Structures are given as structure tokens and as C-alpha cells.
Amino acid sequence: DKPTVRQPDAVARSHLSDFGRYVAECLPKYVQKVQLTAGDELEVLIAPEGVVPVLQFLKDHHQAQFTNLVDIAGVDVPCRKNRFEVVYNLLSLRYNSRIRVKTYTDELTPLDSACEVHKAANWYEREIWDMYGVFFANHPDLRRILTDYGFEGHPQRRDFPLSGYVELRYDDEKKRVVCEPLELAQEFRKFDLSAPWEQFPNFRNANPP
Amino acid sequence: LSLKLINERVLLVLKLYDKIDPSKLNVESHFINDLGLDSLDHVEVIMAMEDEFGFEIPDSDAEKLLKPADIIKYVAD
Amino acid sequence: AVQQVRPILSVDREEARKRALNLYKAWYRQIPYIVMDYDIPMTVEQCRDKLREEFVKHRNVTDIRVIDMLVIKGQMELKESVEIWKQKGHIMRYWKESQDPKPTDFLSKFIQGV
Amino acid sequence: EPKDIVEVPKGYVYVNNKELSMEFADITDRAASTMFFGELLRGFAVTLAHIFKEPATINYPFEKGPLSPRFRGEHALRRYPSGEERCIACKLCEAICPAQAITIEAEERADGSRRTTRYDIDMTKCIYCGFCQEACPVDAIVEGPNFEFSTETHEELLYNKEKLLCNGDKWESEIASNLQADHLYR
Amino acid sequence: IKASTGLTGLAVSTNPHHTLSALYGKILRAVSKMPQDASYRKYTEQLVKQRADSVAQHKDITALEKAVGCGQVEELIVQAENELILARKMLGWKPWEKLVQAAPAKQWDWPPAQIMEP
Ligand code: SF4
Ligand code: SF4
């Protein structure tokens, strides 16, 4: 009797919930945790070494058959000792359900490659490599994708200024475009939009160490 | 065989090289410290030999060689 | 203060130099082609000189892993110059010829502002 | 019709299941089509025909339009029916402006009223999204309907309050019309 | 016989029962080598045997299709082959073992960067 508040698919929660335990007890050495986010999606938290085994397990085993690898979403979170987090969001056409696999890594240690598992990922690893610097081991060609040539630093990190360090112009002495130190006509005016009053009690003490 | 040709070519590299001391440039002159050449100098020097000999040398040769005589051994090779 | 951690490529400092010097070979060997291919002012000797200084840019790198990455960057930039994906602007970038070396001694800084 | 080639359930339509018959009348039809380009003739006659449809070009700038009352164009700072400035420097328009194209500095006029001193918009950063006017609590700033405001110099685009007020004065009648049309509806 | 599989590349395959039977046998042996206390094992036998037991009763390929569900035979054989590769890799992976790594504290905690009471 609350039309504003949606009601998730409960039976979908049932199936994903029992299936999630299936995955946890079938890959004990790798699956670190399996949780069911309230948005009805299913997350599978693994250790960095089991990346390929989990993906290979999923795409292949009958009960998973998660063939399509939608993307490799990269997340950066300083204050986590090995911060750079990765998300492999998969689909299963046979059973019509979605699953998310997640892992962590630092800015230094490399990471397994999904090129040998799903051909779809090839470009994505190139994208994260360009955007965060998360190396990928066994990746065929780790060329940068998006940033321009000779670009230093990986901008999607949160310790990187929004406007970058340098910017281009055109020279007449040299008939050519030159990169110069930054110089902004109007400095980007942040706004400090911080809540003084905790608007959410439910997440307060929940998920504590 | 051709030891004149190997020695002649080998000598002319360092003889006619920048960054080097002409005297003390013995065939038993260790590129690294005896000759005073940096490792990077050493890499470019062996390359100039790959220029003057057109020969594909392995990187393992780098440490297996020390002295112009050493590359003479690898050049008559 | 040691950590028992994964490798990337090189397992020992000497392998690191082996990889690092391999890159130095490709770059030294490439320079003449770029002088021809890229119609830019730079000449072979200057390009070679910069290549030396630009390795000297980081001499006191110590960690095996860090030096591995520096080489990974170089192998990339090598290929981008080997093939001509880059542009004359991009390649010259190493010289920074648009801006005059800014004043450095205290008075020149003081008399020219912060 | 020829039979299918894959049996289809509902909720789908296969667009190639139709079979290419081997009946003699069917092959000779296709053969004659290729030998005398019947299909080209059909398309040929279509374009001849479609000369005889009147072109839909508006004789701009004489003929022109149409737009709708909500069109988002030139910016304008309106004035009350007395002529007083509507803006009170509440600065929501800046706070919401996705492009951060708005800059405001307000003080007290000698009367003691809360009013702007500088009010600037950069229509080389504005996206004409209209979030500013949807946010303003007194309808001070509006996306006026003018859209032919084209300049030869980039500097000429950075409007300040004087320029914006002038546009409000110039376009006040039309803006009044639209708001009367949409206020109760927006 | 069905004219087409409705998919490009996926061709109509005869003797499906023989192929399915042969695939089921190999995967069963592949899991046979596994340790007896592996959840992956425990389930694959019952699933595969359920499939490999349904394979026989329905000589008609279409009848078998309905009985097994899960899609048509042409894809279904590919499903089996995938799992063959899985078992060979699975034996090589030893994933039945226990946790290789424990996540560092505050690794999987959201939201981040919030002080705590010890
Ligand atoms: S939202 Fe309206 S009243 Fe407030 S500062 Fe902007 S123009 Fe003025
Ligand atoms: S239309 Fe949008 S972008 Fe333009 S000034 Fe208004 S709020 Fe800013």
C-alpha cells in the first residue's frame, strides 16, 4: 500500500539467493564472499588470483552458463590498501539472470586477463589500463585506447586533478600545437555539498569491522 | 682466421669513439670500469659494432664480453 | 618491512636491467627512422642526447616492480613511435619548447611573482 | 505464399523464413525481373512520381518556424510589473547550473535590498538546459525565445547583467506570453 | 528432419544421441578423477546423469528436446563440450580446496573512508 515504494521480484531473490550459495560452496578456494545487494543483483567477491577460474567456471558450467561479459568496470577507492577494484558484470541468456564478479588490486601488482576467457573483454582491459593503470597479465596487446598519445597519468583515479596538468594550443613560431602548463580562465568553482545531518541510520553501524 | 679483419674493425670502433680515453684503450681494456664507459655507453658501443659488423648479438653477450678482445672473440666467432 | 607479493615481469634487478636495456636498444635503433618519417626540426644527435637524459630522468629508481613498469611504458611509446600513430606535435613533446625555462634564483622568482 | 524455413512461435517475426520457390512461374518471374530490371523500374517511377510532391522548405527568414512555448534560447533577466529587478541573488541558478556558466556577486543596494552586483552568463559554457529557470524561485532568469544571437567575436558572447537586462527589456512581451501559457502547467 | 537450426554457424547435427551419450560419458569420467569431497563433483554427477538418463527414453530428437528442456540439441551438445573443458581445467585448478587468501580488513566495506570506534 505504498505505490511510491517499488516491490522487487521476490522469487528472483529466492533463486539468486540459493544459487549464490551454490557458487560459494563450489569454488571454496576463490570465492571470498557472496552477497545479495538489495537491488536484487548478486555480487561475488573473489581474491585476485581466482579471476579467470571464476569467469571460466561461470561461462561453462551448466548452472551458470553466463556467456556474455558486459563490461569491466573499474573503481578507485583510496584508503583501501590495495585500492583499485574491478567489476565483471555478466549475463546468462539460458536462465535470464545477471551476476557481478568483483576483485581488488593495487596500482602495482598486475591482474589476470579475461582475454583468454571471453574475447569480448579485450578492449575493456585496454580501457582500464589506460584509465587507471591496472596492468593485466597475459593480455595480448595493452595499448592505450582513449587518452591521446604520450599522455602521462591515468585520469580516472581520484588523486588526479579534474582539468589535468597540461593543455594544448597552437604556435606560429613552430607551425604546431604545443602542450603547456595549465591555465584556466575561471578556476573551477567547487561547491561543498556535505550533509551535516545523517540522513540514513540503517547503514550507520551495519557493515562494521 | 681474418684476425686482422676482426682486430682492425674492433679497434676502429673504440679508436674512433666519443666518450672515450684513447690511451689505456687496450684490447684488454674493460669497457665498464677500466675504460670508464657507462653501461649505457657500453650498450651503444656494442651496437656500433653491430653497425660495423652487421651482426645480431645476444644480450647475454653483454656480460660475457668485457674487453675489446672479448668482442674480437665474438666477432671472429 | 618486506612484503611477499606477486611479480609483473622481472624477478631480479638484473633481469630488470636486461629488459630496460632491451628497450634502450629499440629506441636507439629507431631514432633515425623518426628523424626521416616525422618532419620535425630535431636531428639524430639531439634525439639521441635526449634519449640519454630521459633515461637519466629516473636513475635512482630502486624497486624491481617500479622499474618494470617504466619499461612497460617505454615499450608502448616505442611502438607508438615505431609505427607512426603519433604526430609531429606528440613526438616533439619531450622538449617543451613552448615555455621558456622559468626563473629559478630567488630574486628572479621574487621579482617575477609566485 | 511460400512456406517458412524455421517454425516461429509468437512474440517474434522471422524476416527471412520465407522460401524462394523453385516453381517455373516463380523462377521465370525472377529471371524476367533481372533481364528487364523490373525492380529498378518500380524504383525509377517512384522518384519520377515524387517530383510531383511539393517541397517542404521554409523560405527562411521570411517564412519560418514552428517552435513551442517552452523553447530554450536567449537568456533574459526579467523585471517586475513595476520595473524592479526580479532577481534577488538567491544564487540557486548558479548552484544548479550544470555547466557552471553562471557567476554571481550580490550585496545590499543603498535601499537595503538584497540584489546582485555582477550577474554573468557564458553562452560558450551554457548548455541551454533550462535548469536555471526551473530553479529560480521568482522567475528572475528565463530562457527567452530568441535563438538568432550569433556573434563574430567570442568575447561578445559572455553576457553580463547589463546585456541580460537589455534582452529582458527587449523581449518582455513574448516572455510574458509564454509564462502565462506554462506557469500553471510547468 | 528440421531444416535449419535458426542460427548462423550452428548447423543441424545428425546422430545427436550418440554424440550426447559420448559427451556425457567423458565428462563423468573427468569428474571421476576428482576428489570425493568436492561440491563440484557432488552435483555434476547428478545433473549429468539426469541428462544422460533422459537421453535414452526419447528416440525422437524433438521428444528429447522437450524432455531435457534447456534448449535445442544443437546448442545442447555445445553445452556438454564446454563442461568437458571445464572438468579438465577444474582438475587442473584444484578449486575444491579452502580459501587461498583472506581479504584485508575494510576491503569489501561500503561506504569507504569513515572513522570507527575501536
Ligand atoms: S535563481 Fe533567480 S533570483 Fe536566485 S540568483 Fe538566480 S536569477 Fe537571481
Ligand atoms: S540553461 Fe542550464 S547550463 Fe545554461 S545557464 Fe541555465 S542552468 Fe546553466
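All positions are counted from 1 along the displayed chain.
So this one's electron microscopy, 3.7 Å, going by the header.
Just so you know, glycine gets a Cβ as well, placed from its N, Cα and C.
The annotation [4Fe-4S] cluster 1 binding site is assigned in Swiss-Prot to D:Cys87, D:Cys90, D:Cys93, D:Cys97 on the grounds of sequence analysis. The [4Fe-4S] cluster 2 binding site feature in Swiss-Prot is assigned to D:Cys126, D:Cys129, D:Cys132, D:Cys136. Residues or ranges marked as domain '4Fe-4S ferredoxin-type 1' in Swiss-Prot (evidence: sequence analysis): D:78-107. What Swiss-Prot records for D:117-146 is domain '4Fe-4S ferredoxin-type 2'.
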Task: D:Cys126, D:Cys129, D:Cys132, D:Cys136 excluded, remaining Cβ within 8 Å of their centroid ([4Fe-4S] cluster 2) - done: D:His75, D:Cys93, D:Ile96, D:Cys97, D:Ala101, D:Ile102, D:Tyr128, D:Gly130, D:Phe131, D:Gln133, D:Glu134, D:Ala135, D:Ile141, D:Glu143
TODO: For D:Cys132 ([4Fe-4S] cluster 2 binding site), find which of the binding-site residues D:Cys87, D:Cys90, D:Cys93 come within 10 Å, Cα to Cα.
DONE: D:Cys93
TODO: List nothing but the one residue from D:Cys87, D:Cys90, D:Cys93, D:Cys136 whose Cβ has the fewest other Cβ atoms within 10 Å; the candidates are the binding-site residues.
DONE: D:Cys90
Task: Intrachain residues whose Cβ lies under 8 Å of the domain '4Fe-4S ferredoxin-type 2' (D:117-146), provided they are six or more past its termini - done: 67, 71-78, 85-90, 92-93, 95-107, 154, 157-161, 164, 167-168, 171, 174-175, 178-179, 186
TODO: Please report the number of other Cβ atoms within 10 Å of the Cβ of D:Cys132 ([4Fe-4S] cluster 2 binding site).
DONE: 26
TODO: Compile a sequence-ordered list of residues in the same chain as D:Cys129 ([4Fe-4S] cluster 2 binding site), six or more apart from it, whose Cβ lies below 8 A from its Cβ; state 'none' when nothing qualifies.
DONE: D:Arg72, D:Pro98, D:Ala99
Task: Those binding-site residues in D:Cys87, D:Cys90, D:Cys93, D:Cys126, D:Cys136 whose CB falls under 6 A of ligand 1, listed in sequence order - done: D:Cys87, D:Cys90, D:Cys93, D:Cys136
- [ ] For the domain '4Fe-4S ferredoxin-type 2' (D:117-146), jot down how many residues DSSP puts in helix, in strand and in coil.
- [x] 5 helix, 9 strand, 16 coil
- [ ] For D:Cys97 ([4Fe-4S] cluster 1 binding site), write down the residues of its own chain that are at least 6 apart in sequence and whose Cβ falls under 8 Å from its Cβ; none is a fine answer.
- [x] D:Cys126, D:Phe131, D:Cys132
TODO: Just the binding-site residues from D:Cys87, D:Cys90, D:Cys136 whose C-beta lies under 6 Å from any atom of ligand 2, please, or none if there are none.
DONE: none
TODO: Determine, from DSSP, whether D:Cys90 ([4Fe-4S] cluster 1 binding site) sits in helix, strand or coil.
DONE: coil
Task: CB-centroid shell, 8 A cutoff, [4Fe-4S] cluster 1 site D:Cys87, D:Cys90, D:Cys93, D:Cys97, site residues removed - done: D:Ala89, D:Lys91, D:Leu92, D:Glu94, D:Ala95, D:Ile102, D:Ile104, D:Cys132, D:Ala135, D:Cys136, D:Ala140, D:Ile141
Task: Rounded distance in angstrom between the Cα atoms of D:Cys93 ([4Fe-4S] cluster 1 binding site) and D:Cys136 ([4Fe-4S] cluster 2 binding site) - done: 6
Open item on the list: Can you tell me whether DSSP puts D:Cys97 ([4Fe-4S] cluster 1 binding site) in helix, strand or coil?
Closed with: coil
- [ ] Determine the Cβ neighbour count for D:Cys126 ([4Fe-4S] cluster 2 binding site): the number of other Cβ atoms within 10 Å of its Cβ.
- [x] 21
